Each structure stands twice: as C-alpha cells, then as structure tokens.
$ cat coords_37.pdb   # PDB, C-alpha atoms (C1' of nucleotides)
ATOM      1  CA  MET S  19      14.852   6.294 -20.294
ATOM      2  CA  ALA S  20      12.185   7.126 -17.731
ATOM      3  CA  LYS S  21      13.592  10.579 -16.922
ATOM      4  CA  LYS S  22      14.239  11.384 -20.598
ATOM      5  CA  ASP S  23      10.970   9.936 -21.802
ATOM      6  CA  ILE S  24       8.920  11.805 -19.221
ATOM      7  CA  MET S  25      10.552  15.181 -18.458
ATOM      8  CA  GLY S  26      10.259  18.194 -20.744
ATOM      9  CA  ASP S  27      12.763  20.627 -22.234
ATOM     10  CA  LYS S  28      14.557  23.417 -20.456
ATOM     11  CA  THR S  29      15.823  26.747 -21.778
ATOM     12  CA  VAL S  30      19.535  27.393 -21.734
ATOM     13  CA  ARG S  31      21.924  30.138 -22.882
ATOM     14  CA  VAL S  32      24.719  29.687 -25.433
ATOM     15  CA  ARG S  33      27.393  31.749 -27.193
ATOM     16  CA  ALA S  34      25.698  33.307 -30.232
ATOM     17  CA  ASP S  35      28.608  32.656 -32.640
ATOM     18  CA  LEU S  36      28.571  28.921 -31.882
ATOM     19  CA  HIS S  37      24.804  28.894 -32.136
ATOM     20  CA  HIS S  38      24.843  30.649 -35.492
ATOM     21  CA  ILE S  39      27.185  28.141 -37.028
ATOM     22  CA  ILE S  40      24.827  25.348 -36.066
ATOM     23  CA  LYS S  41      21.779  27.230 -37.414
ATOM     24  CA  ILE S  42      23.417  27.901 -40.766
ATOM     25  CA  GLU S  43      24.429  24.222 -40.899
ATOM     26  CA  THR S  44      20.914  22.912 -40.252
ATOM     27  CA  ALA S  45      19.302  25.360 -42.641
ATOM     28  CA  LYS S  46      21.607  23.933 -45.345
ATOM     29  CA  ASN S  47      21.744  20.277 -44.454
ATOM     30  CA  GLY S  48      19.027  18.534 -42.443
ATOM     31  CA  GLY S  49      18.147  18.730 -38.771
ATOM     32  CA  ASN S  50      17.540  21.416 -36.168
ATOM     33  CA  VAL S  51      19.446  23.207 -33.430
ATOM     34  CA  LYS S  52      17.968  21.505 -30.364
ATOM     35  CA  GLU S  53      18.791  18.157 -31.868
ATOM     36  CA  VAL S  54      22.468  19.153 -32.084
ATOM     37  CA  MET S  55      22.494  20.791 -28.687
ATOM     38  CA  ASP S  56      21.054  17.685 -27.026
ATOM     39  CA  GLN S  57      23.801  15.577 -28.643
ATOM     40  CA  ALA S  58      26.577  18.093 -27.946
ATOM     41  CA  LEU S  59      25.411  18.207 -24.337
ATOM     42  CA  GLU S  60      25.045  14.425 -24.007
ATOM     43  CA  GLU S  61      28.508  13.802 -25.420
ATOM     44  CA  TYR S  62      29.859  16.326 -22.912
ATOM     45  CA  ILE S  63      28.254  14.450 -20.031
ATOM     46  CA  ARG S  64      29.267  10.968 -21.161
ATOM     47  CA  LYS S  65      32.868  12.234 -21.309
ATOM     48  CA  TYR S  66      33.181  14.485 -18.257
ATOM     49  CA  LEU S  67      30.382  13.129 -15.980
ATOM     50  CA  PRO S  68      30.129   9.497 -17.093
ATOM     51  CA  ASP S  69      28.333   8.124 -13.991
ATOM     52  CA  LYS S  70      25.632  10.796 -14.008
ATOM     53  CA  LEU S  71      24.309   9.285 -17.220
TER      54      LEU S  71
ATOM     55  CA  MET G  25      27.920  38.671 -30.673
ATOM     56  CA  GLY G  26      26.594  37.524 -27.284
ATOM     57  CA  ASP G  27      24.172  34.746 -26.294
ATOM     58  CA  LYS G  28      21.367  32.893 -27.980
ATOM     59  CA  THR G  29      18.726  30.717 -26.252
ATOM     60  CA  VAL G  30      18.083  27.023 -26.701
ATOM     61  CA  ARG G  31      15.642  24.551 -25.161
ATOM     62  CA  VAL G  32      17.408  21.284 -24.222
ATOM     63  CA  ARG G  33      16.339  18.035 -22.675
ATOM     64  CA  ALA G  34      15.384  18.721 -19.072
ATOM     65  CA  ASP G  35      16.943  15.476 -17.810
ATOM     66  CA  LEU G  36      20.363  16.598 -19.035
ATOM     67  CA  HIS G  37      19.930  20.178 -17.892
ATOM     68  CA  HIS G  38      19.102  18.612 -14.542
ATOM     69  CA  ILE G  39      22.409  16.766 -14.355
ATOM     70  CA  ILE G  40      24.221  20.057 -15.091
ATOM     71  CA  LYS G  41      22.452  21.995 -12.333
ATOM     72  CA  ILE G  42      23.356  19.408  -9.731
ATOM     73  CA  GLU G  43      26.994  19.404 -10.766
ATOM     74  CA  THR G  44      27.458  23.164 -11.090
ATOM     75  CA  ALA G  45      25.789  23.517  -7.719
ATOM     76  CA  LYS G  46      27.978  20.767  -6.166
ATOM     77  CA  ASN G  47      31.321  21.670  -7.735
ATOM     78  CA  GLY G  48      31.959  25.009  -9.503
ATOM     79  CA  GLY G  49      30.403  26.678 -12.523
ATOM     80  CA  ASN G  50      27.229  27.590 -14.356
ATOM     81  CA  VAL G  51      24.930  26.222 -17.032
ATOM     82  CA  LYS G  52      26.053  28.572 -19.780
ATOM     83  CA  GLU G  53      29.707  27.570 -19.358
ATOM     84  CA  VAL G  54      28.878  23.934 -19.933
ATOM     85  CA  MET G  55      26.852  24.660 -23.045
ATOM     86  CA  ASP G  56      29.437  26.893 -24.551
ATOM     87  CA  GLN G  57      32.074  24.209 -24.011
ATOM     88  CA  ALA G  58      29.849  21.295 -24.987
ATOM     89  CA  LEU G  59      28.976  22.990 -28.275
ATOM     90  CA  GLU G  60      32.535  24.037 -29.054
ATOM     91  CA  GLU G  61      33.780  20.507 -28.418
ATOM     92  CA  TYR G  62      30.990  19.175 -30.611
ATOM     93  CA  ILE G  63      31.630  21.655 -33.424
ATOM     94  CA  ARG G  64      35.354  20.783 -33.325
ATOM     95  CA  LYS G  65      34.652  17.045 -33.371
ATOM     96  CA  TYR G  66      32.189  17.007 -36.249
ATOM     97  CA  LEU G  67      32.450  20.396 -38.056
ATOM     98  CA  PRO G  68      36.095  21.524 -37.621
ATOM     99  CA  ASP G  69      36.147  23.279 -40.976
ATOM    100  CA  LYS G  70      33.876  25.975 -39.408
ATOM    101  CA  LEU G  71      36.790  28.040 -38.025
TER     102      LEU G  71
ATOM    103  CA  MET J  19      -0.479  49.408 -34.914
ATOM    104  CA  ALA J  20      -3.550  48.423 -32.834
ATOM    105  CA  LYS J  21      -5.082  46.150 -35.513
ATOM    106  CA  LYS J  22      -1.595  44.881 -36.379
ATOM    107  CA  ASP J  23      -0.351  44.338 -32.783
ATOM    108  CA  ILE J  24      -3.011  41.681 -32.070
ATOM    109  CA  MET J  25      -2.806  40.339 -35.628
ATOM    110  CA  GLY J  26      -2.600  36.519 -35.967
ATOM    111  CA  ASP J  27      -1.239  34.090 -38.576
ATOM    112  CA  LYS J  28      -2.644  31.845 -41.259
ATOM    113  CA  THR J  29      -0.562  28.936 -42.550
ATOM    114  CA  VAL J  30       0.079  28.268 -46.195
ATOM    115  CA  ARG J  31       2.169  25.822 -48.181
ATOM    116  CA  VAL J  32       4.902  26.906 -50.501
ATOM    117  CA  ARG J  33       7.273  25.208 -52.946
ATOM    118  CA  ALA J  34      10.025  23.555 -50.932
ATOM    119  CA  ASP J  35      13.007  24.825 -52.857
ATOM    120  CA  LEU J  36      11.758  28.385 -52.404
ATOM    121  CA  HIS J  37      11.317  27.797 -48.717
ATOM    122  CA  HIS J  38      14.811  26.334 -48.575
ATOM    123  CA  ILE J  39      16.349  29.480 -50.013
ATOM    124  CA  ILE J  40      14.658  31.537 -47.324
ATOM    125  CA  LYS J  41      15.568  29.137 -44.602
ATOM    126  CA  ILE J  42      19.211  29.547 -45.604
ATOM    127  CA  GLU J  43      19.218  33.316 -46.250
ATOM    128  CA  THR J  44      17.455  34.096 -42.964
ATOM    129  CA  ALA J  45      19.658  31.731 -40.970
ATOM    130  CA  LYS J  46      22.710  33.554 -42.458
ATOM    131  CA  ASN J  47      21.559  37.199 -42.450
ATOM    132  CA  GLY J  48      18.834  37.364 -39.822
ATOM    133  CA  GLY J  49      15.067  37.275 -39.895
ATOM    134  CA  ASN J  50      12.740  34.369 -40.207
ATOM    135  CA  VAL J  51      10.478  32.662 -42.691
ATOM    136  CA  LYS J  52       7.298  34.386 -41.520
ATOM    137  CA  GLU J  53       8.933  37.852 -41.643
ATOM    138  CA  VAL J  54       9.751  37.135 -45.275
ATOM    139  CA  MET J  55       6.337  35.723 -46.121
ATOM    140  CA  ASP J  56       4.757  38.862 -44.794
ATOM    141  CA  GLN J  57       6.990  41.239 -46.720
ATOM    142  CA  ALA J  58       6.805  39.149 -49.881
ATOM    143  CA  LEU J  59       3.040  39.036 -49.872
ATOM    144  CA  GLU J  60       2.540  42.647 -48.936
ATOM    145  CA  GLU J  61       4.803  43.757 -51.739
ATOM    146  CA  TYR J  62       2.839  41.527 -54.098
ATOM    147  CA  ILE J  63      -0.533  42.885 -53.028
ATOM    148  CA  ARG J  64       0.857  46.385 -53.185
ATOM    149  CA  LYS J  65       2.053  45.546 -56.659
ATOM    150  CA  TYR J  66      -0.989  43.899 -58.218
ATOM    151  CA  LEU J  67      -3.839  44.766 -55.795
ATOM    152  CA  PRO J  68      -3.305  48.233 -54.237
ATOM    153  CA  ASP J  69      -7.045  48.710 -53.621
ATOM    154  CA  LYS J  70      -7.074  45.917 -51.069
ATOM    155  CA  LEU J  71      -4.589  47.569 -48.743
TER     156      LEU J  71
ATOM    157  CA  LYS O  22      10.130  17.295 -64.623
ATOM    158  CA  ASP O  23       9.369  20.385 -62.455
ATOM    159  CA  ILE O  24       7.340  18.320 -60.026
ATOM    160  CA  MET O  25       8.096  19.912 -56.601
ATOM    161  CA  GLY O  26       7.030  19.328 -52.988
ATOM    162  CA  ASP O  27       5.690  21.804 -50.471
ATOM    163  CA  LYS O  28       6.484  23.386 -47.125
ATOM    164  CA  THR O  29       4.146  24.955 -44.608
ATOM    165  CA  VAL O  30       4.825  28.559 -43.651
ATOM    166  CA  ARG O  31       3.002  31.235 -41.682
ATOM    167  CA  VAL O  32       1.569  34.464 -43.093
ATOM    168  CA  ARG O  33      -0.115  37.403 -41.470
ATOM    169  CA  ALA O  34      -3.866  36.851 -41.316
ATOM    170  CA  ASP O  35      -5.229  40.000 -43.003
ATOM    171  CA  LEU O  36      -2.962  39.487 -46.034
ATOM    172  CA  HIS O  37      -3.962  35.826 -46.406
ATOM    173  CA  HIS O  38      -7.569  37.026 -46.273
ATOM    174  CA  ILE O  39      -7.098  39.559 -49.052
ATOM    175  CA  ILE O  40      -5.850  36.713 -51.227
ATOM    176  CA  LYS O  41      -8.590  34.338 -50.153
ATOM    177  CA  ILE O  42     -11.272  36.824 -51.238
ATOM    178  CA  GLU O  43      -9.707  37.921 -54.495
ATOM    179  CA  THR O  44      -8.957  34.336 -55.609
ATOM    180  CA  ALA O  45     -12.416  33.190 -54.519
ATOM    181  CA  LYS O  46     -13.925  36.079 -56.455
ATOM    182  CA  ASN O  47     -12.006  35.810 -59.698
ATOM    183  CA  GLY O  48     -10.620  32.246 -59.624
ATOM    184  CA  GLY O  49      -7.281  30.727 -58.563
ATOM    185  CA  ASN O  50      -6.245  29.462 -55.148
ATOM    186  CA  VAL O  51      -4.105  30.919 -52.371
ATOM    187  CA  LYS O  52      -1.197  28.469 -52.744
ATOM    188  CA  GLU O  53      -0.532  29.596 -56.339
ATOM    189  CA  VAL O  54      -0.440  33.219 -55.361
ATOM    190  CA  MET O  55       1.521  32.654 -52.233
ATOM    191  CA  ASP O  56       4.157  30.843 -54.333
ATOM    192  CA  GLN O  57       4.191  33.633 -56.953
ATOM    193  CA  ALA O  58       4.689  36.285 -54.329
ATOM    194  CA  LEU O  59       7.560  34.286 -52.893
ATOM    195  CA  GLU O  60       9.280  33.645 -56.203
ATOM    196  CA  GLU O  61       9.053  37.362 -57.005
ATOM    197  CA  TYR O  62      10.480  38.310 -53.637
ATOM    198  CA  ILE O  63      13.400  36.008 -54.218
ATOM    199  CA  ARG O  64      14.059  37.545 -57.629
ATOM    200  CA  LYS O  65      13.938  41.010 -56.172
ATOM    201  CA  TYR O  66      16.332  40.409 -53.297
ATOM    202  CA  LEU O  67      18.093  37.079 -53.914
ATOM    203  CA  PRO O  68      18.203  36.764 -57.701
ATOM    204  CA  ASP O  69      21.489  34.876 -57.610
ATOM    205  CA  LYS O  70      19.712  32.139 -55.569
ATOM    206  CA  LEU O  71      16.861  31.808 -58.015
TER     207      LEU O  71
ATOM    208  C1'  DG Y   1      -7.942  13.308 -53.872
ATOM    209  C1'  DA Y   2     -12.894  12.355 -52.358
ATOM    210  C1'  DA Y   3     -17.773  14.416 -53.091
ATOM    211  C1'  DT Y   4     -21.135  16.332 -55.712
ATOM    212  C1'  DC Y   5     -22.973  18.479 -59.796
ATOM    213  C1'  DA Y   6     -24.762  17.766 -64.823
ATOM    214  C1'  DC Y   7     -25.564  15.346 -68.262
ATOM    215  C1'  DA Y   8     -25.383  11.802 -71.527
ATOM    216  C1'  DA Y   9     -26.697   6.791 -72.327
ATOM    217  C1'  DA Y  10     -28.655   2.495 -70.591
ATOM    218  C1'  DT Y  11     -33.373   0.455 -68.413
ATOM    219  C1'  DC Y  12     -37.995   0.480 -68.299
ATOM    220  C1'  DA Y  13     -42.944   0.983 -69.837
ATOM    221  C1'  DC Y  14     -47.267   1.534 -71.536
ATOM    222  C1'  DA Y  15     -49.898   2.693 -76.008
ATOM    223  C1'  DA Y  16     -50.404   3.270 -80.814
ATOM    224  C1'  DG Y  17     -49.218   2.031 -85.085
TER     225       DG Y  17
ATOM    226  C1'  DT I   1     -42.750  -4.236 -82.021
ATOM    227  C1'  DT I   2     -40.913  -0.112 -81.359
ATOM    228  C1'  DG I   3     -40.725   4.811 -80.836
ATOM    229  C1'  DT I   4     -41.355   8.637 -77.013
ATOM    230  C1'  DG I   5     -41.257  10.113 -72.266
ATOM    231  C1'  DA I   6     -40.098   9.187 -68.048
ATOM    232  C1'  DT I   7     -36.402   7.338 -64.992
ATOM    233  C1'  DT I   8     -32.126   5.664 -63.131
ATOM    234  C1'  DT I   9     -27.296   4.993 -63.378
ATOM    235  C1'  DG I  10     -22.276   5.413 -64.940
ATOM    236  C1'  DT I  11     -18.698   8.835 -65.552
ATOM    237  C1'  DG I  12     -15.996  12.898 -66.844
ATOM    238  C1'  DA I  13     -15.663  17.525 -65.553
ATOM    239  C1'  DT I  14     -15.861  20.443 -61.427
ATOM    240  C1'  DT I  15     -16.023  22.073 -56.789
ATOM    241  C1'  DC I  16     -13.911  22.322 -51.999
ATOM    242  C1'  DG I  17      -9.798  22.267 -49.269
TER     243       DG I  17
ATOM    244  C1'  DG M   1      -5.314  18.269 -54.665
ATOM    245  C1'  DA M   2      -5.453  22.942 -51.348
ATOM    246  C1'  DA M   3      -6.274  24.185 -46.578
ATOM    247  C1'  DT M   4      -5.898  23.823 -41.782
ATOM    248  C1'  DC M   5      -4.226  21.906 -37.286
ATOM    249  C1'  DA M   6      -1.653  20.898 -33.256
ATOM    250  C1'  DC M   7       2.474  19.843 -31.411
ATOM    251  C1'  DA M   8       7.571  20.798 -31.654
ATOM    252  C1'  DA M   9      11.365  24.041 -32.223
ATOM    253  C1'  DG M  10      12.946  28.683 -31.433
ATOM    254  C1'  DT M  11      13.019  33.347 -29.327
ATOM    255  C1'  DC M  12      11.938  36.967 -26.044
ATOM    256  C1'  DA M  13      11.996  39.672 -22.131
ATOM    257  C1'  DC M  14      11.244  39.604 -17.178
ATOM    258  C1'  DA M  15      13.419  37.290 -12.985
ATOM    259  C1'  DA M  16      17.112  35.913  -9.987
ATOM    260  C1'  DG M  17      21.216  36.560  -7.923
ATOM    261  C1'  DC M  18      26.267  37.578  -9.057
TER     262       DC M  18
ATOM    263  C1'  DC E   1      25.815  43.639 -14.872
ATOM    264  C1'  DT E   2      25.495  38.234 -16.453
ATOM    265  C1'  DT E   3      22.737  34.013 -16.145
ATOM    266  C1'  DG E   4      18.400  31.400 -15.608
ATOM    267  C1'  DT E   5      13.853  30.415 -17.150
ATOM    268  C1'  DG E   6       8.562  30.379 -18.281
ATOM    269  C1'  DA E   7       5.759  32.521 -21.549
ATOM    270  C1'  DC E   8       5.128  33.239 -25.980
ATOM    271  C1'  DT E   9       6.117  33.034 -31.256
ATOM    272  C1'  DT E  10       7.420  30.619 -35.311
ATOM    273  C1'  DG E  11       8.087  26.228 -37.841
ATOM    274  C1'  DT E  12       6.170  22.417 -40.234
ATOM    275  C1'  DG E  13       4.643  17.246 -40.611
ATOM    276  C1'  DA E  14       0.255  15.376 -39.884
ATOM    277  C1'  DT E  15      -4.344  15.579 -40.787
ATOM    278  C1'  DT E  16      -8.736  17.234 -42.743
ATOM    279  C1'  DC E  17     -11.960  18.073 -46.382
ATOM    280  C1'  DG E  18     -14.073  16.995 -50.422
TER     281       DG E  18
END

$ encode --input "coords_37.pdb" --output "structure tokens"
Amino acid sequence: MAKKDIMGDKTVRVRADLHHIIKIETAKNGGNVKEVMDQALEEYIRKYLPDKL
Amino acid sequence: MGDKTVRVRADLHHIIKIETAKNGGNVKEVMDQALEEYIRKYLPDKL
Amino acid sequence: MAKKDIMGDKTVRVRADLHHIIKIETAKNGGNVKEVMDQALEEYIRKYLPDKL
Amino acid sequence: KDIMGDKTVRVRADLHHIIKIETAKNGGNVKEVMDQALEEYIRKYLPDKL
DNA sequence: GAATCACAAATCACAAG
DNA sequence: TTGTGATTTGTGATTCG
DNA sequence: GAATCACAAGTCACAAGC
DNA sequence: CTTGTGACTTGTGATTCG
C-alpha cells in the first residue's frame, strides 16, 4: 500500500523479556525480530483499530 | 529486565500515534500488548 | 584505545552451522556475532601468531 | 558429505589484516583461518554445541 | 568460478639430404 | 620428403577474490 | 571459488515531556 | 523518572573479481 510501500521504519520501545523470547526464537528458527513485531503490531491494529487499516 | 528497542513500519507506528494522542495511552503500551498477544497466539509454550 | 576506538570492520564468510551456534548462544546469553568473531580471532592470533599483536 | 554453506560476519579490521598478510605471505586464505578460529572458540567455550 | 600463466603438442616452413 | 626451429593454439594447473 | 559491498536489521544514548 | 526517536552499529544476501 502507498503508505507502507513509501514510508520508512520507526523506532519503538518494548518490554525486554518479550523481546528476548522473540530473539531466541528467530535465532533458532528462521526470521528476524522486526518481521515479528510488524506482524504482532498489524494483528493488534486489525483487531482493535480495524478501520485505521 | 526493562525495555529493548525495535524499528517498525512507520505507517503502523503512525496509526498508533494518532490513536494514543486522540484517546489515551502511549506507543510502548501498545507494543508490549501487541507482542504479548502475538506470543500467546503463536508461541504459548514460551511461559 | 585511540587506535581501537576509531577501528572499523572487515567482513568475512564463515561456515553456516558455526555461525548458527553463535547466533543462538549470543541471542540467549548476550553479545553479538561480531563481538565473538573479534574475541575468537584475537585468541587465535594470540595462540599461533603472538608476534603480530 | 561435509559440504557446508557460508555466512557473512564482521571482524575488526586490524585482525583481518594480520591474517591477510600472514596467509598472503605463507599461503592459505582468510576464510580458512577465520573458520578455524571460530571452530576453536566454540570448542573452548561451547564444546557441547560442537 | 573466470582469467591468466606455462607449457606441451599441433601447424607451418624453408633447406638439405 | 622430412627433420629442426620457429610459431601458434588447446588445456590443465594456478592465481585472484 | 574467496572477497567485498550496500542495504536491511538491530542497538544506543541523547531528547522530550511526564 | 519513563518514553520517544534519529544516529549509528551490526548483520548478511547480493555482487564482484578473476
């Protein structure tokens, strides 16, 4: 989407313990943290702020 | 433990600013929740 | 250290399974791949090539 | 077989140089050495994993 | 995983045998 | 005609990254 | 095939304002 | 203080070079 396609990334804070779990996971299996964050965040929005996306 | 930093898609971060400005809250709250709800949904094992 | 504070990085390619071990260990117990590369290589040069340090 | 793929990593510049000169001088390449140093690290500190 | 060294074996070539 | 030297070409081993 | 590059992910440490 | 963020570091697939 235009706004996704074109805009950049933006730094955000997160609970370390939650973060760490994800980092361990990705180190083991595939992927990377941002990837999961972006999904986690998207799924939040689609559920709690459906119209905004 | 405390906080870690993550870069996320600016178009989503945008949506969250607007909302937390308009109704209550802050960006960190949403992340913390979003991640916990994700981790529960897909990696519940990790207790 | 002055020399060491402005010291840059070269990139090198290592066996994947070795990398994967480090990826996992660091993600669990802190540190990062580069940190480990540096220590590993210094200890090796110190071991077999002490002149060059 | 022990065919195995690779992964790019960073190393401090001066150290890489010391290898690049020694291997240039008396044969070998950096990749070999850089692997050997890594394997030996892993045996020192993470032998279980090896 | 191509380029360039280095060296062996075809290709030629004029002259003598 | 055919043996010697000069000459070019194919190719396996080797360098550079 | 080793070596290097450049663009993405990840972290840091000052900035804003609670 | 806690939270927000741009500058900087680290990570690594893509690309070069021969």

$ closest_residue --input "coords_37.pdb" --among "J:58, J:35, J:23, J:49" --to "chain M" --atoms "only C-alpha atoms (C1' of nucleotides)"
J:49

$ resolve_selection --input "coords_37.pdb" --expression "the PyMOL selection byres ((chain G and resi 62) around 12)" --output "VMD selection string"
(chain S and resid 36 to 37 39 to 40 54 to 63 65) or (chain G and resid 54 to 61 63 to 68 70)

$ residues_around --input "coords_37.pdb" --residues "region 4-18 of chain M" --least-positions-apart "5" --cutoff "10 Å" --atoms "all atoms listed in the file" --output "list in words"
residues 50, 51, 52 and 53 of chain S; 28, 29, 30 and 31 of chain G; 28, 29 and 30 of chain J; 17 of chain I; 1, 2, 3, 4, 5, 6, 7, 8, 9, 10, 11, 12, 13, 14, 15, 16 and 17 of chain E

$ calpha_fit_and_write --input "coords_37.pdb" --fixed "chain J" --moving "chain S" --output "short mmCIF file (atom, residue, chain, number, x, y, z; two decimals) with C-alpha atoms, keeping the file's coordinate frame"
data_model
loop_
_atom_site.label_atom_id
_atom_site.label_comp_id
_atom_site.auth_asym_id
_atom_site.auth_seq_id
_atom_site.Cartn_x
_atom_site.Cartn_y
_atom_site.Cartn_z
CA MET S 19 -2.61 49.10 -37.85
CA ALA S 20 -5.56 47.89 -35.80
CA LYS S 21 -6.07 44.69 -37.83
CA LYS S 22 -2.32 43.97 -37.97
CA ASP S 23 -1.70 44.90 -34.36
CA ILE S 24 -4.55 42.76 -33.08
CA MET S 25 -4.97 39.67 -35.30
CA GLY S 26 -2.71 36.63 -35.09
CA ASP S 27 -0.78 34.60 -37.65
CA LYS S 28 -2.19 32.12 -40.11
CA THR S 29 -0.61 29.01 -41.63
CA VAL S 30 -0.03 28.94 -45.35
CA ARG S 31 1.55 26.58 -47.90
CA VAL S 32 4.52 27.43 -50.13
CA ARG S 33 6.73 25.78 -52.75
CA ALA S 34 9.48 23.97 -50.83
CA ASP S 35 12.32 25.03 -53.17
CA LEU S 36 11.50 28.72 -52.70
CA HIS S 37 11.13 28.18 -48.98
CA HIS S 38 14.47 26.43 -48.72
CA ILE S 39 16.33 29.25 -50.37
CA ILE S 40 14.94 31.66 -47.81
CA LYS S 41 15.80 29.33 -44.90
CA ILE S 42 19.39 28.89 -46.04
CA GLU S 43 19.62 32.68 -46.45
CA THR S 44 18.37 33.44 -42.94
CA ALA S 45 20.51 30.76 -41.34
CA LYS S 46 23.53 32.50 -42.92
CA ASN S 47 22.61 36.15 -42.65
CA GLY S 48 20.14 37.47 -40.08
CA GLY S 49 16.38 37.17 -39.86
CA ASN S 50 13.76 34.44 -40.10
CA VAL S 51 11.41 32.98 -42.69
CA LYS S 52 8.11 34.46 -41.50
CA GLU S 53 9.67 37.88 -41.55
CA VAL S 54 10.51 37.45 -45.25
CA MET S 55 7.19 35.86 -46.08
CA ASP S 56 5.26 38.73 -44.49
CA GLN S 57 7.27 41.21 -46.58
CA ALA S 58 7.09 39.15 -49.78
CA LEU S 59 3.34 38.89 -49.26
CA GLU S 60 2.89 42.57 -48.39
CA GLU S 61 4.84 43.70 -51.44
CA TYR S 62 2.64 41.43 -53.55
CA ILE S 63 -0.50 43.06 -52.18
CA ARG S 64 0.71 46.65 -52.46
CA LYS S 65 1.48 45.94 -56.13
CA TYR S 66 -1.44 43.79 -57.28
CA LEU S 67 -4.17 44.72 -54.73
CA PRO S 68 -3.18 48.26 -53.75
CA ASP S 69 -6.56 49.37 -52.31
CA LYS S 70 -6.94 46.32 -50.08
CA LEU S 71 -4.02 47.59 -48.03
#

$ atom_distance --input "coords_37.pdb" --atom1 "CA of residue 29 (chain O)" --atom2 "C1' of residue 3 (chain M)"
10.6 Å

$ atom_distance --input "coords_37.pdb" --atom1 "CA of residue 66 (chain S)" --atom2 "CA of residue 34 (chain S)"
23.5 Å

$ atom_distance --input "coords_37.pdb" --atom1 "CA of residue 35 (chain G)" --atom2 "CA of residue 20 (chain S)"
9.6 Å

$ resolve_selection --input "coords_37.pdb" --expression "the PyMOL selection byres ((chain Y and resi 5) around 10)" --output "PyMOL selection string"
(chain Y and resi 3-4+6-7) or (chain I and resi 13-15)

$ write_last_selection --input "coords_37.pdb" --atoms "C-alpha atoms (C1' of nucleotides)" --output "short mmCIF file (atom, residue, chain, number, x, y, z; two decimals), in the coordinates of the input"
data_model
loop_
_atom_site.label_atom_id
_atom_site.label_comp_id
_atom_site.auth_asym_id
_atom_site.auth_seq_id
_atom_site.Cartn_x
_atom_site.Cartn_y
_atom_site.Cartn_z
"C1'" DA Y 3 -17.77 14.42 -53.09
"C1'" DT Y 4 -21.14 16.33 -55.71
"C1'" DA Y 6 -24.76 17.77 -64.82
"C1'" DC Y 7 -25.56 15.35 -68.26
"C1'" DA I 13 -15.66 17.52 -65.55
"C1'" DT I 14 -15.86 20.44 -61.43
"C1'" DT I 15 -16.02 22.07 -56.79
#

$ resolve_selection --input "coords_37.pdb" --expression "the PyMOL selection byres ((chain S) within 7 of (chain J))" --output "number ranges by chain"
S: 41-42, 45-46
